[PDB]
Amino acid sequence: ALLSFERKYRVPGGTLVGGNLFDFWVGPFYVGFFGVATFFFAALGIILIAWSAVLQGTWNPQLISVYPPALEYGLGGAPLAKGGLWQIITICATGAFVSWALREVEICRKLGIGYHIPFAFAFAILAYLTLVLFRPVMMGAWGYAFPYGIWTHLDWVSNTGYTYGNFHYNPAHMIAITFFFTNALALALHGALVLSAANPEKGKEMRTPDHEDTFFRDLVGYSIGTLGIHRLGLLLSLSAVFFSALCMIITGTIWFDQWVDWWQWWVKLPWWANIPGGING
């Protein structure tokens, strides 16, 4: 089925691979070559997760957990039930995520729109790869990666973090969190601002964009504008994920101590480390 305005857009063309071979839709979903690839990697990764559930011996989804290889395996291949399924599932997930991004590129081309959306999605893929590829390889073992289980992967975050003290003190973590909080603040404000103009007080005409600008100048003295706010939402959310990957790629590779040590540089400068009283003297 089609939306009422959809037909005129369903033209041939725009594919990267295969010409018109996969240039069609299944229901609302566009296919394309990378839709076929996505199906392949996903289906197989789902089969493997089913296999790992049998080997584990449970059908409940909260218990299924696919672990990476023991640290002693280093960066090498492992037997299926001893870290190998994790390795093959990671291959299929990577393939699926990348295939999804290239399918989005083909859709962008058929519709004549910019490529911002697959470009933004690539930042998420890079964060995922930072945790399961870049960091483990740099530290020398697949077992530094996280397990694929609902609750086990939370335990992994806690294990990893407390290994370095209070992870709060990681300064790139601080910057990431600041972007995450500021993003949700900006998102709440933007959704609210537009709805408050399109759905004004009872008894009123729809407001204009000038009312939105006027509201924010009255409130805080500055309006970023209708284009700038969507630029800003993109910037804030990507920066949050960039500094997330940064704060992890440096942990266990160039930093090994309790993260609170990092600031003790500021504390033990020779020109004030010895002044009595205060906190650090």
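Numbers follow the displayed sequence, beginning with 1.
Visitor: Regarding 191-199 and 133-141, which shows the higher C-alpha temperature factor on average in the entry?
Guide: That would be 133-141.
Visitor: Got a sec? Mean C-alpha B-factor, which is higher, 236-244 or 59-67?
Guide: Mean CA B-factor is higher for 59-67.
Visitor: Among the choices 31, 227, 220, 46, identify the one whose CA B-factor in the record is greatest.
Guide: 46 has the highest C-alpha B-factor of those listed.
Visitor: Return the residue from 118, 114, 209, 77 that has the highest Cα B-factor in the entry.
Guide: When the deposited C-alpha B-factors of 118, 114, 209, 77 are compared, 77 is largest.
Visitor: Tell me, lowest, middle or highest third: where does the Cα B factor of residue 148 rank within its chain?
Guide: According to the entry, residue 148 has a C-alpha B-factor in the chain's middle third.
Visitor: Going by the CA temperature factor in the PDB record, which third of the chain does residue 275 belong to: lowest, middle or highest?
Guide: Highest third.
Visitor: Against its chain's modelled residues, does residue 173's Cα B factor rank lowest, middle or highest third?
Guide: Within its chain, residue 173 is a middle-third residue by C-alpha B-factor, going by the deposited values.
Visitor: Test of reading the entry: by CA B factor among the chain's modelled residues, which third contains residue 162?
Guide: It belongs to the highest third of the chain when residues are ordered by C-alpha B-factor.
Visitor: Tell me, lowest, middle or highest third: where does the Cα B factor of residue 155 rank within its chain?
Guide: Its C-alpha B-factor belongs to the middle third of this chain's values.
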